[PDB]
Amino acid sequence: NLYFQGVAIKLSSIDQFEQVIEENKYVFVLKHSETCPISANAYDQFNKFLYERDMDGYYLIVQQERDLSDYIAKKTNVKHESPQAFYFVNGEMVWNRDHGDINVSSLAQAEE
């Protein structure tokens with residue numbers, strides 16, 4: 001529908017992922033699948049939340065970026081799911097959710 005000010009920015013490498021979580025104090029990252037209604041619902045929630053917050057966040061297409069997807073799993077010790085959202089504060093994970101638990105209210109709770 002709308003493009004939500006392009007608040008969701010694609011990551012294509014481990015280099016960019018590390019760069020992002022270093023450069024930004026507060027960072028949300030979404031693992032997204034391109035062939036999944038459940039993932040699209042999560043991506044929509046992700047965009048609605050970020051747009052309302054006036055905050056950039058990041059996503060990756062799991063299938064296209066498996067290195068990066070597995071890197072995030074090892075970064076957080078959280079086994080891979082899709083869709084799966086993470087919140088990093090000063091580079092350290094502090095929250096994650098997957099599937100239908102990714103919604104505007106849970107993303108908001110992550111910040112509290």
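If you read the sequence from its start, that first residue is 1, and numbering goes on from there. The figures here come from the full heavy-atom set of this structure, side chains too, leaving out hydrogens, waters and symmetry mates.
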Kindly give the heavy-atom pair with the smallest separation between [X] and [Y], and that separation in Å.
X   : Y   : answer
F49 : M55 : CE2-SD, 4.4 Å
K31 : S82 : O-OG, 3.7 Å
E34 : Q63 : N-OE1, 3.3 Å
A8  : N47 : CB-OD1, 3.6 Å

With heavy-atom distances below 4.5 Å as the criterion, would you say the side chains of [X] and [Y] are in contact?
X    : Y    : result
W95  : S106 : yes
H32  : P83  : no
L107 : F46  : yes

> Is the gap between the ring centers of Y59 and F28 under 6.0 Å?
Replying inline: no

>> Does anything in residues 89-101 form a salt bridge (charged side-chain N to carboxylate O under 4.0 Å, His left out)? List the pairs, not counting sequence neighbours.
In response: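 Listed once each, the pairs would be none.
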
>> Please report the interatomic distance NE2(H80) to NZ(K74), rounded to the nearest 0.5 Å.
In response: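 Here the rounded value is 13.5 Å.
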
> So how far is it from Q84 CD to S39 OG, rounded to the nearest 0.5 Å?
Replying inline: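 One finds 10.5 Å between CD of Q84 and OG of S39.
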
> So, does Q45 use its side chain to make a donor-acceptor pair with the main chain of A42 at under 3.5 Å?
Replying inline: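 No, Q45 side chain to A42 backbone: no donor-acceptor pair under 3.5 Å.
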
>> Would the distance check show the side chain of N103 and the main-chain N or O of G100 forming a donor-acceptor pair, the cut-off being under 3.5 Å?
In response: yes

> Do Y26 and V94 belong together in a cluster built from hydrophobic side chains that touch within less than 4.5 Å?
Replying inline: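 Yes, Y26 and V94 fall within the same hydrophobic cluster.
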
>> Applying a strict under-4.5 Å side-chain criterion to I, L, V, M, F, W and Y, I'd like to know whether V62 and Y43 cluster together.
In response: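 Different hydrophobic clusters.
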
> Salt bridge or not for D44 and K48, using N-O below 4.0 Å?
Replying inline: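 The answer is yes: the pair qualifies as a salt bridge.
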
> Hey, are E18 and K75 close enough for a salt bridge, meaning a charged N less than 4.0 Å from a carboxylate O?
Replying inline: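 Judged by the 4.0 Å cut-off on N to carboxylate O distance, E18 and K75 do form a salt bridge.
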
> Where do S13 and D15 land on the side-chain hydrogen bond (donor to acceptor under 3.5 Å, both in side chains) test, with the steps shown first?
Replying inline: CA-CA 5 Å; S13 69; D15 276 337; 4.9 Å; no

> Given a cutoff of under 4.5 Å between side-chain heavy atoms of I, L, V, M, F, W and Y, with clusters grown through shared members, what are the other residues clustered with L68?
Replying inline: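 Members alongside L68: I9, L11, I14, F17, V20, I21, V27, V29, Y58, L60, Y71, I72, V78, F86, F88, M93.
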
> Could you go step by step and tell me if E65 and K10 meet the side chain to side chain contact (heavy atoms under 4.5 Å, CB included) rule?
Replying inline: CA-CA 11 Å; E65 304 297 344; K10 196 171 68 195; 6.0 Å; no

>> For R53 and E111: C-alpha separation, side-chain torsions, deciding distance, then whether side chain to side chain contact (heavy atoms under 4.5 Å, CB included) applies.
In response: CA-CA 11 Å; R53 291 288 179 264; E111 303 186 292; 3.0 Å; yes

>> Checking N24 against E22 for the side chain to side chain contact (heavy atoms under 4.5 Å, CB included) test, could you report, in this order, the C-alpha distance in whole Å, the side-chain angles of both residues, the deciding distance, and whether it holds?
In response: CA-CA 6 Å; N24 302 269; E22 166 67 28; over 6 Å; no

>> By the definition side-chain contact (heavy atoms from CB on, under 4.5 Å), identify the one residue from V104, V7, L30 that meets it with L50.
In response: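 The single option meeting the side-chain contact (heavy atoms from CB on, under 4.5 Å) with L50 is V7.
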
>> A quick test of your reading: do over 12 heavy atoms of other residues, nucleotides or ligands sit less than 6.0 Å from CZ of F4?
In response: yes

